[PDB]
Structures are given as C-alpha cells and as structure tokens.
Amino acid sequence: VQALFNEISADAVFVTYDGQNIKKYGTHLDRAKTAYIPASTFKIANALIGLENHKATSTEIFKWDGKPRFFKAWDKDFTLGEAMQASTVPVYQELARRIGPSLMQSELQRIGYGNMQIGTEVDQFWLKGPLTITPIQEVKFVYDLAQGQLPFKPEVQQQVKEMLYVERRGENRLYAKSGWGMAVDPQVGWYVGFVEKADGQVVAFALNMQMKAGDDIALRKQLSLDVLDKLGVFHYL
C-alpha cells in the first residue's frame, strides 16, 4: 500500500472509516486534517439539501438549454443521479439556485458540513471557496449517508445513495463520487464513497490528493480501487 503511493509524485492521503476507527494511508497524512474545497463532491450535499427541501426530485430531467457547457459530455439532459456520475456542474448550479443562498447557508450549518461557509454566491461557493472540508469530515459525511444517519429524511438519504451507486462486484457494492477543483491553487483531487461489503460491513473512504492539469482523470479512481483491493475492503473481481 505504501509502495503504491510513492510510485507517483503523489502528495496523497487515503482515509477509511468503519464507524469507530479512522485509518490513514498515503504519502502526506496531514492532508486528512487539512481543509480543501469540496469541488464536485459537494453534489452529494447539494442533492440531499435539494431533495429534503422539495426543490427537485430524483426522476426530474434537467434538460439542456442549448448553450455549450464546459465539457461536451455535459451538453445533454440529466437526472440528478445521471448528473451526479457525470459531475454535471450546470445541473447542480441550477439546483443550488432553486435552493437559494439563505436556505443553502442555513442547511449546511444545520448538518455541520465542513466550515459551513458559502458567502454570497450560491452557485460558486463549493468551487472556489469559502466552503472547505477535511477528508476526515468527508469520510464521516458519506459514512453517515451510508448508515442513514445524516440529518435528512431516510428516503432522501436512500435516493442520494442510489445516485452514487457505481459498481456491483459479487455481493459487494461500491458507492463513490469524484472531485477535481481546478479553480483553486493548488488543485485538489477527491475520490470519496463507501463499499457495502458482502458480509454486511460498510467501509467509507476518501482519497484526497494534489492535482495538476496534465494528470489523467482516471488516476483518482484507479488509486482508490487499487488501495481498497490491497486493504481487502474491495477485492478486484
């Protein structure tokens, strides 16, 4: 596990949580207590707040408006779950605008998300600050989500859990969300989620690492799945 991490120029930390024990791996363990912008991982909290406050449903289609978006892959219609796995920022900015700054600010404080700051811009706060969050806070947030223990309706947490369903491996289920914050210096990479193992135990995790523009998009998930296989949490099929 440690030889894998410094096989790159990787400034990285990988955190796991089983509900009692926080474990740290990687080349820079202090990253786990350091706060970073959530970037696209905020789409987990955005969906939860939006569904809880009746601003959207998990079957509604957010239709493209015709204007070219940041990635051509985003130039189509999306449900919240489809936009979750595509990381479609414009769909979740439209949701944040439905929520509004005062409700969004009040809700993030209610659930104690990160530093609980959003400032004035309701569609920018998770992309360039001031909202920050540590990897430990991230593992504990998605772990609570996995257990239905966040301050949200149970069916709301279940809907967002399904939005994160990315792989079935026998009787083991992986739930995950990627993040790449490019509008900050330095750039930050996220891969957070949890494995619902075949034996019934849940293990939440969060990769958090420094990025630069040349980096391959698939590196975060590869690293995370590689480590999870080593840990025995999620063996390769």
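C-alpha atoms forming the largest set that superposes within 1.5 Å between two forms make up the rigid core. One rule holds for the numbers: they count along the sequence shown, beginning at 1.
Peer 1: After superposing on the rigid core, which of 164-172 and 203-211 has its C-alpha atoms sitting farther from this form in 8 other deposited structures of this protein?
Peer 2: Stretch with the larger root mean square C-alpha distance in 8 other deposited structures of this protein: 164-172.
Peer 1: On a core superposition, give the stretch, 73-81 or 132-140, with the larger average C-alpha separation from this form in 8 other deposited structures of this protein (RMS over structures and residues).
Peer 2: Clearly, after the core fit, the stretch farther away in 8 other deposited structures of this protein is 73-81.
Peer 1: Identify the stretch, either 180-188 or 200-208, whose C-alpha atoms have the larger mean B-factor according to the entry.
Peer 2: On average, C-alpha B-factors are higher across 180-188.
Peer 1: Tell me which of 190-198 and 63-71 has the higher mean C-alpha B-factor in the deposited entry.
Peer 2: The recorded data point to 63-71.
Peer 1: When the deposited Cα B-factors of this chain's modelled residues are ordered and cut into thirds, is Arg168 in the lowest, the middle or the highest one?
Peer 2: CA B-factor rank for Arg168: middle third.
Peer 1: How does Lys43 rank on Cα B-factor within its chain, lowest, middle or highest third?
Peer 2: Ranked within chain, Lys43 CA B lands in the lowest tercile.
Peer 1: Place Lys76 in the lowest, middle or highest third of its chain's C-alpha B-factors, as listed in the PDB entry.
Peer 2: CA B-factor rank for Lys76: highest third.
Peer 1: Lowest, middle or highest third: which one holds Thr132 when the chain's residues are ordered by CA B-factor from the entry?
Peer 2: CA B-factor rank for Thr132: lowest third.
Peer 1: Mind checking which third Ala32 falls in for C-alpha B-factor across the chain?
Peer 2: Middle third, going by the recorded CA B-factors of the chain.
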